[PDB]
file work-v5.csv (CSV, C-alpha atoms)
chain,number,residue,atom,x,y,z
N,1,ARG,CA,23.0,-21.3,10.7
N,2,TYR,CA,24.0,-17.7,10.3
N,3,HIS,CA,23.2,-14.2,11.6
N,4,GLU,CA,22.7,-11.4,9.0
N,5,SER,CA,23.5,-7.9,10.5
N,6,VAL,CA,24.8,-4.5,9.5
N,7,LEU,CA,28.5,-4.0,10.1
N,8,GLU,CA,29.6,-0.4,10.0
N,9,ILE,CA,32.7,0.4,7.9
N,10,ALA,CA,34.1,2.2,11.0
N,11,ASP,CA,34.5,-1.2,12.8
N,12,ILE,CA,36.8,-2.2,9.9
N,13,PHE,CA,38.8,0.9,9.0
N,14,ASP,CA,40.9,2.6,11.6
N,15,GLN,CA,41.1,5.8,9.5
N,16,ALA,CA,38.2,8.1,10.6
N,17,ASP,CA,38.9,10.5,7.7
N,18,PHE,CA,37.0,8.5,5.1
N,19,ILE,CA,34.0,7.4,7.2
N,20,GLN,CA,31.1,9.9,7.2
N,21,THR,CA,28.0,7.9,8.2
N,22,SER,CA,26.8,4.7,10.0
N,23,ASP,CA,24.3,1.8,10.1
N,24,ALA,CA,21.5,4.4,10.5
N,25,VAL,CA,21.6,5.3,6.8
N,26,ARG,CA,21.3,1.6,5.8
N,27,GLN,CA,18.3,1.2,8.2
N,28,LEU,CA,16.7,4.3,6.8
N,29,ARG,CA,17.2,3.1,3.2
N,30,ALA,CA,15.7,-0.2,4.2
N,31,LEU,CA,12.6,1.8,5.0
N,32,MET,CA,12.5,3.2,1.4
N,33,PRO,CA,10.7,1.4,-1.4
N,34,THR,CA,13.0,0.5,-4.3
N,35,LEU,CA,12.9,3.5,-6.6
N,36,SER,CA,13.0,3.8,-10.4
N,37,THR,CA,15.5,6.4,-11.6
N,38,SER,CA,12.6,8.8,-12.4
N,39,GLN,CA,11.3,8.4,-8.8
N,40,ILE,CA,14.7,9.3,-7.6
N,41,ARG,CA,14.7,12.4,-9.8
N,42,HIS,CA,11.3,13.2,-8.5
N,43,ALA,CA,12.5,13.0,-4.9
N,44,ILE,CA,15.4,15.2,-5.6
N,45,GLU,CA,13.3,17.7,-7.5
N,46,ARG,CA,10.8,17.7,-4.6
N,47,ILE,CA,13.5,18.4,-2.0
N,48,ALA,CA,14.8,21.1,-4.3
N,49,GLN,CA,11.3,22.5,-4.3
L,1,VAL,CA,-9.8,-18.2,-47.9
L,2,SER,CA,-10.1,-14.6,-48.9
L,3,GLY,CA,-10.2,-13.7,-45.2
L,4,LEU,CA,-7.0,-15.7,-44.5
L,5,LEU,CA,-5.4,-13.9,-47.4
L,6,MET,CA,-6.4,-10.5,-46.0
L,7,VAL,CA,-5.2,-11.4,-42.5
L,8,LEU,CA,-1.9,-12.5,-44.0
L,9,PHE,CA,-1.7,-9.3,-46.1
L,10,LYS,CA,-2.5,-7.1,-43.1
L,11,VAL,CA,0.3,-8.8,-41.2
L,12,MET,CA,2.7,-8.6,-44.2
L,13,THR,CA,2.0,-4.9,-44.2
L,14,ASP,CA,2.1,-4.3,-40.4
L,15,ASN,CA,4.7,-1.6,-40.4
L,16,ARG,CA,3.9,-0.5,-36.8
L,17,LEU,CA,6.8,0.6,-34.6
L,18,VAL,CA,6.0,0.8,-30.9
L,19,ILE,CA,6.9,3.9,-28.8
L,20,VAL,CA,6.5,3.7,-25.1
L,21,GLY,CA,3.1,4.9,-24.1
L,22,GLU,CA,1.7,6.1,-20.8
L,23,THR,CA,3.3,4.0,-18.2
L,24,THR,CA,2.7,3.8,-14.4
L,25,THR,CA,5.5,3.2,-12.0
L,26,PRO,CA,3.7,2.2,-8.8
L,27,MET,CA,5.1,2.4,-5.3
L,28,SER,CA,6.2,-1.1,-4.3
L,29,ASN,CA,4.4,-1.3,-1.0
L,30,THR,CA,1.0,-0.5,-2.5
L,31,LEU,CA,1.0,-3.8,-4.5
L,32,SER,CA,0.1,-7.3,-3.3
L,33,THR,CA,3.2,-9.4,-3.2
L,34,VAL,CA,1.8,-11.6,-5.9
L,35,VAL,CA,1.7,-8.7,-8.3
L,36,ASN,CA,5.0,-7.3,-7.1
L,37,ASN,CA,6.7,-10.5,-8.1
L,38,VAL,CA,5.3,-10.2,-11.6
L,39,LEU,CA,5.7,-6.4,-12.1
L,40,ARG,CA,9.0,-5.1,-13.3
L,41,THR,CA,9.1,-1.5,-12.2
L,42,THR,CA,7.0,0.3,-14.8
L,43,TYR,CA,4.1,-1.2,-16.9
L,44,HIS,CA,1.9,0.3,-19.5
L,45,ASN,CA,-1.3,2.0,-18.3
L,46,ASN,CA,-3.1,-0.1,-20.9
L,47,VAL,CA,-2.2,-3.4,-19.4
L,48,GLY,CA,-3.9,-6.1,-21.4
L,49,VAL,CA,-5.4,-9.2,-20.0
L,50,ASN,CA,-3.6,-12.3,-18.9
E,1,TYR,CA,-2.1,17.6,38.1
E,2,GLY,CA,-4.4,15.5,35.9
E,3,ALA,CA,-1.9,15.1,33.0
E,4,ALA,CA,-3.0,11.8,31.6
E,5,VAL,CA,-0.1,11.3,29.3
E,6,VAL,CA,3.1,13.1,28.5
E,7,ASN,CA,4.6,12.3,25.1
E,8,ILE,CA,7.8,13.3,23.3
E,9,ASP,CA,7.1,14.5,19.8
E,10,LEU,CA,9.2,16.0,17.1
E,11,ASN,CA,8.8,19.8,17.5
E,12,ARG,CA,6.1,20.8,15.0
E,13,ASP,CA,7.3,24.4,15.5
E,14,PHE,CA,10.7,23.5,14.1
E,15,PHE,CA,9.8,20.8,11.5
E,16,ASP,CA,7.4,23.2,10.0
E,17,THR,CA,5.0,23.0,7.1
E,18,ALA,CA,7.7,25.1,5.3
E,19,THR,CA,9.8,22.0,5.4
E,20,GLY,CA,6.8,20.2,4.0
E,21,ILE,CA,6.5,18.1,7.1
E,22,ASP,CA,3.1,17.5,8.7
E,23,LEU,CA,3.1,16.2,12.3
E,24,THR,CA,-0.5,16.1,13.3
E,25,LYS,CA,-0.3,12.3,13.7
E,26,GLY,CA,2.5,10.5,15.5
E,27,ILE,CA,5.0,10.8,12.7
E,28,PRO,CA,6.5,13.1,10.2
E,29,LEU,CA,4.8,12.9,6.8
E,30,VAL,CA,5.9,14.6,3.6
E,31,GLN,CA,3.7,14.6,0.5
E,32,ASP,CA,4.9,14.2,-3.1
E,33,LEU,CA,8.5,12.9,-2.3
E,34,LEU,CA,8.4,9.2,-2.8
E,35,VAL,CA,5.6,8.7,-5.4
E,36,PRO,CA,4.3,6.5,-8.2
E,37,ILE,CA,5.0,7.9,-11.6
E,38,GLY,CA,2.1,8.2,-14.1
E,39,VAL,CA,-0.6,8.4,-11.4
E,40,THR,CA,-1.4,10.7,-8.5
E,41,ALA,CA,-0.1,9.3,-5.2
E,42,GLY,CA,-2.8,8.0,-2.9
E,43,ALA,CA,-3.8,10.1,0.1
E,44,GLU,CA,-2.5,9.0,3.5
E,45,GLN,CA,0.1,6.9,1.8
E,46,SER,CA,2.5,5.2,4.2
E,47,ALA,CA,5.6,6.1,2.2
E,48,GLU,CA,5.0,9.7,3.4
E,49,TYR,CA,6.5,8.6,6.7
Y,1,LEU,CA,14.0,9.1,-47.3
Y,2,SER,CA,11.1,6.8,-46.5
Y,3,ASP,CA,7.8,6.6,-44.6
Y,4,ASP,CA,8.8,3.0,-43.7
Y,5,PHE,CA,7.0,2.8,-40.3
Y,6,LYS,CA,3.8,3.7,-38.4
Y,7,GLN,CA,4.7,4.8,-34.9
Y,8,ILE,CA,2.1,3.8,-32.3
Y,9,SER,CA,2.0,3.6,-28.5
Y,10,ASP,CA,-0.1,0.9,-27.1
Y,11,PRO,CA,0.0,-1.9,-29.8
Y,12,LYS,CA,-2.9,-4.2,-30.3
Y,13,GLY,CA,-2.3,-7.9,-31.0
Y,14,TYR,CA,-3.5,-10.2,-33.8
Y,15,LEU,CA,-5.2,-12.5,-31.2
Y,16,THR,CA,-7.3,-11.6,-28.2
Y,17,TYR,CA,-9.4,-13.4,-25.6
Y,18,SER,CA,-13.2,-13.5,-26.2
Y,19,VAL,CA,-15.3,-14.5,-23.3
Y,20,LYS,CA,-18.9,-15.7,-23.1
Y,21,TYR,CA,-20.5,-15.4,-19.6
Y,22,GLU,CA,-23.3,-17.4,-18.2
Y,23,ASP,CA,-25.6,-14.6,-17.1
Y,24,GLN,CA,-27.1,-16.6,-14.3
Y,25,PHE,CA,-23.8,-16.7,-12.4
Y,26,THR,CA,-22.2,-13.5,-13.6
Y,27,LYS,CA,-22.6,-10.3,-11.7
Y,28,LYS,CA,-22.6,-7.5,-14.3
Y,29,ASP,CA,-21.3,-5.1,-11.6
Y,30,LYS,CA,-17.6,-4.4,-12.0
Y,31,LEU,CA,-15.2,-6.0,-9.5
Y,32,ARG,CA,-12.3,-4.1,-8.0
Y,33,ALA,CA,-9.5,-4.4,-5.3
Y,34,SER,CA,-7.2,-1.6,-4.2
Y,35,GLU,CA,-6.6,1.0,-6.9
Y,36,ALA,CA,-2.9,0.1,-7.1
Y,37,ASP,CA,-3.6,-3.5,-8.0
Y,38,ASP,CA,-6.8,-2.8,-10.0
Y,39,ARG,CA,-4.7,-0.6,-12.4
Y,40,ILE,CA,-2.8,-3.8,-13.2
Y,41,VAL,CA,-4.8,-7.0,-12.6
Y,42,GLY,CA,-8.1,-5.2,-13.1
Y,43,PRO,CA,-9.0,-5.7,-16.8
Y,44,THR,CA,-8.0,-9.3,-16.4
Y,45,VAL,CA,-10.2,-9.8,-13.3
Y,46,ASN,CA,-13.2,-8.3,-15.0
Y,47,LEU,CA,-12.7,-10.3,-18.2
Y,48,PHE,CA,-12.3,-13.7,-16.5
Y,49,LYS,CA,-15.0,-12.8,-13.9
H,1,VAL,CA,-7.4,-20.6,15.3
H,2,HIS,CA,-4.6,-18.1,15.5
H,3,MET,CA,-4.8,-17.0,11.9
H,4,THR,CA,-2.1,-14.8,10.2
H,5,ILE,CA,-2.9,-12.7,7.2
H,6,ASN,CA,0.3,-11.4,5.7
H,7,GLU,CA,-1.6,-9.9,2.8
H,8,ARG,CA,-5.3,-9.1,2.4
H,9,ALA,CA,-5.0,-8.1,-1.2
H,10,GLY,CA,-6.9,-10.9,-3.0
H,11,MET,CA,-9.4,-11.6,-0.2
H,12,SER,CA,-13.1,-11.6,-1.0
H,13,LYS,CA,-15.6,-9.7,1.0
H,14,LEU,CA,-17.3,-13.0,1.8
H,15,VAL,CA,-14.1,-14.5,3.2
H,16,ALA,CA,-13.2,-11.5,5.2
H,17,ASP,CA,-16.7,-11.3,6.7
H,18,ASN,CA,-16.4,-15.0,7.5
H,19,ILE,CA,-13.1,-14.6,9.2
H,20,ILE,CA,-14.4,-11.8,11.3
H,21,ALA,CA,-17.5,-13.9,12.1
H,22,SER,CA,-15.1,-16.6,13.2
H,23,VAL,CA,-13.2,-14.1,15.4
H,24,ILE,CA,-16.5,-13.3,17.1
H,25,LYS,CA,-18.3,-16.7,17.2
H,26,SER,CA,-15.4,-19.3,17.1
H,27,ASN,CA,-13.1,-16.9,19.1
H,28,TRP,CA,-10.4,-16.7,16.4
H,29,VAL,CA,-7.4,-14.5,16.8
H,30,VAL,CA,-6.5,-12.9,13.5
H,31,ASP,CA,-3.2,-11.1,13.2
H,32,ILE,CA,-3.2,-8.8,10.1
H,33,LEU,CA,0.3,-7.9,9.3
H,34,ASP,CA,-0.3,-5.9,6.1
H,35,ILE,CA,-1.7,-3.0,8.1
H,36,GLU,CA,0.4,0.1,8.8
H,37,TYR,CA,-1.0,2.7,11.2
H,38,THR,CA,-0.4,5.8,13.2
H,39,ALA,CA,-1.8,5.4,16.7
H,40,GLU,CA,-3.2,8.3,18.7
H,41,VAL,CA,-3.5,7.5,22.4
H,42,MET,CA,-6.8,8.9,23.6
H,43,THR,CA,-7.6,9.7,27.3
H,44,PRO,CA,-11.0,8.6,28.6
H,45,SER,CA,-12.7,12.1,28.6
H,46,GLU,CA,-11.9,12.6,24.9
H,47,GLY,CA,-13.4,9.3,23.8
H,48,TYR,CA,-12.8,7.8,20.4
H,49,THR,CA,-13.3,10.5,17.8
H,50,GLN,CA,-12.5,8.1,14.8
H,51,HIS,CA,-14.0,4.8,14.1
H,52,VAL,CA,-13.0,1.7,12.1
H,53,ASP,CA,-15.5,-0.9,11.1
H,54,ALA,CA,-14.1,-4.4,10.6
H,55,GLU,CA,-14.8,-4.2,6.9
H,56,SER,CA,-12.5,-1.3,6.4
H,57,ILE,CA,-9.7,-2.9,8.3
H,58,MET,CA,-10.1,-6.0,6.1
H,59,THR,CA,-10.3,-4.2,2.8
H,60,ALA,CA,-8.3,-1.0,3.0
H,61,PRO,CA,-5.7,-0.6,0.3
H,62,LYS,CA,-2.2,-1.9,1.1
H,63,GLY,CA,0.2,0.9,1.7
H,64,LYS,CA,-2.4,3.3,3.0
H,65,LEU,CA,-1.8,4.6,6.6
H,66,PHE,CA,-4.5,3.8,9.1
H,67,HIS,CA,-5.1,6.1,12.0
H,68,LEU,CA,-6.1,4.0,15.0
H,69,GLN,CA,-7.0,5.4,18.4
H,70,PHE,CA,-6.3,3.7,21.7
H,71,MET,CA,-7.7,4.6,25.1
H,72,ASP,CA,-5.5,5.0,28.1
H,73,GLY,CA,-8.3,4.3,30.6
H,74,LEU,CA,-6.0,4.4,33.6
H,75,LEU,CA,-7.4,7.9,34.4
H,76,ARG,CA,-11.0,6.7,34.6
H,77,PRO,CA,-12.3,7.4,38.2
H,78,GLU,CA,-14.2,4.8,40.2
H,79,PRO,CA,-18.0,4.4,39.7
H,80,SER,CA,-20.4,5.5,42.4
H,81,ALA,CA,-21.5,2.6,44.7
H,82,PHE,CA,-25.1,3.4,43.6
H,83,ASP,CA,-24.6,3.6,39.8
H,84,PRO,CA,-26.9,1.0,38.2
H,85,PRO,CA,-25.4,-2.3,37.3
H,86,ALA,CA,-24.3,-2.9,33.7
H,87,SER,CA,-26.1,-6.0,32.5
H,88,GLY,CA,-24.2,-5.7,29.2
H,89,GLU,CA,-20.6,-6.0,28.2
H,90,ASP,CA,-18.4,-3.5,26.5
H,91,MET,CA,-16.3,-5.3,23.8
H,92,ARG,CA,-13.1,-4.7,21.8
H,93,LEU,CA,-11.7,-6.1,18.5
H,94,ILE,CA,-8.6,-4.1,17.5
H,95,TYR,CA,-5.3,-4.5,19.2
H,96,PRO,CA,-1.6,-3.5,18.4
H,97,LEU,CA,1.0,-6.2,17.9
H,98,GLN,CA,3.8,-4.0,19.3
H,99,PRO,CA,4.2,-1.4,22.0

call {"tool": "encode", "arguments": {"input": "work-v5.csv", "output": "structure tokens"}}
result
Amino acid sequence: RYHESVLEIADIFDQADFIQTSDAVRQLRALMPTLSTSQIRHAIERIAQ
Amino acid sequence: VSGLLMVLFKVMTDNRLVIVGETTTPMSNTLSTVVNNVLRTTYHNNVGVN
Amino acid sequence: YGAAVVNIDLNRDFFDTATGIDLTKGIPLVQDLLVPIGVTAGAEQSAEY
Amino acid sequence: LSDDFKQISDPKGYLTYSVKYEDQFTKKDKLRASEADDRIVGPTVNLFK
Amino acid sequence: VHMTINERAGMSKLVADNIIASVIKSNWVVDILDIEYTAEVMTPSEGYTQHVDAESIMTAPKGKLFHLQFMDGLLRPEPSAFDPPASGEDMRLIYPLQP
């Protein structure tokens, strides 16, 4: 009996200075397949390209 | 007996040292969940049988 | 008059092929970013989304 | 100082499966699923066809 | 039966064909969840340019992106009163699970 859900850091910290993103990045990451480090390097080299 | 001797000899002199060969690192979504549970990131392109 | 449907798409003119994006379907799609290593990525792979 | 070892990439074992097929029930034609899985489970599937 | 197929990956051609035959003859509903697709919404005058046989939906590799088309037939005008009757029946197999 529980409810898993994203909780943005901003709802915890009152200091806006150290909070750049939100739940959206987590959701977008959830869309990504788990990547081996070489796949990460490949992504970065591709974006660089 | 001679054959067992030669087998044993060929093992006693197996000085092979494995280097990683060609190795696929498949996208996770492309695999059936039963294979994904078994696979640990990369695997050799020459998978054997099991 | 006669407009059967009016959709809201990402602007293909802005998210150009120069960004690597293709938008001919419903969704953005970028080839060769998230890929398998050691094999060519399959065509029309979902990860492209 | 020594040629102690023989570097090799895709080691072969001392044992291996050997399979006799009953030709009446076997199809000689190769089986396959999706390329992604066939690259892995493939040689197994064909052996124990 | 309301059958759910979370993953087609091991399925034989025989079984898939049998499942489709059950969909047609025994009136099964089969939700295939493994499928991912883009979905063009066609308008009646442009028809369905692309086609997907049941086999290909049942055997396409996991992780490939299907491109289904769906008619918005709301802009189909009424038939003439004197158009000949259709003795037959247009049928449909594929439907979305989500809007």

call {"tool": "interface_residues", "arguments": {"input": "work-v5.csv", "of": "chain L", "to": "chain H", "cutoff": "9 Å", "atoms": "only C-alpha atoms", "output": "list in words"}}
result
residues 27, 28, 29, 30, 31, 32, 33 and 34 of chain L

call {"tool": "residues_around", "arguments": {"input": "work-v5.csv", "residues": "stretch 7-9 of chain E", "least_positions_apart": "4", "cutoff": "10 Å", "atoms": "only C-alpha atoms", "output": "ChimeraX atom specification"}}
result
/E:23,25-28 /H:41

call {"tool": "residues_around", "arguments": {"input": "work-v5.csv", "residues": "residue Y:49", "least_positions_apart": "2", "cutoff": "10 Å", "atoms": "all atoms listed in the file", "output": "MDAnalysis selection string"}}
result
chainID Y and resid 19 21 25:28 30:31 43:47

call {"tool": "atom_distance", "arguments": {"input": "work-v5.csv", "atom1": "atom CA of residue E:1", "atom2": "atom CA of residue H:47"}}
result
20.0 Å

call {"tool": "closest_atom_pairs", "arguments": {"input": "work-v5.csv", "of": "chain L", "to": "chain Y", "cutoff": "7 Å", "atoms": "only C-alpha atoms", "output": "tab-separated table"}}
result
residue	atom	partner	partner_atom	distance
L:15	CA	Y:5	CA	5.0
L:16	CA	Y:6	CA	4.5
L:17	CA	Y:7	CA	4.7
L:18	CA	Y:8	CA	5.1
L:19	CA	Y:9	CA	4.9
L:20	CA	Y:9	CA	5.6
L:21	CA	Y:9	CA	4.7
L:30	CA	Y:36	CA	6.1
L:31	CA	Y:37	CA	5.8
L:46	CA	Y:10	CA	7.0
L:47	CA	Y:40	CA	6.2
L:48	CA	Y:43	CA	6.9
L:49	CA	Y:44	CA	4.4
L:50	CA	Y:44	CA	5.9

call {"tool": "atom_distance", "arguments": {"input": "work-v5.csv", "atom1": "atom CA of residue H:65", "atom2": "atom CA of residue N:23"}}
result
26.5 Å

call {"tool": "atom_distance", "arguments": {"input": "work-v5.csv", "atom1": "atom CA of residue L:25", "atom2": "atom CA of residue E:38"}}
result
6.4 Å

call {"tool": "residues_around", "arguments": {"input": "work-v5.csv", "residues": "residue N:46", "least_positions_apart": "2", "cutoff": "10 Å", "atoms": "all atoms listed in the file", "output": "PyMOL selection string"}}
result
(chain N and resi 40-44+48-49) or (chain E and resi 20+31-34)
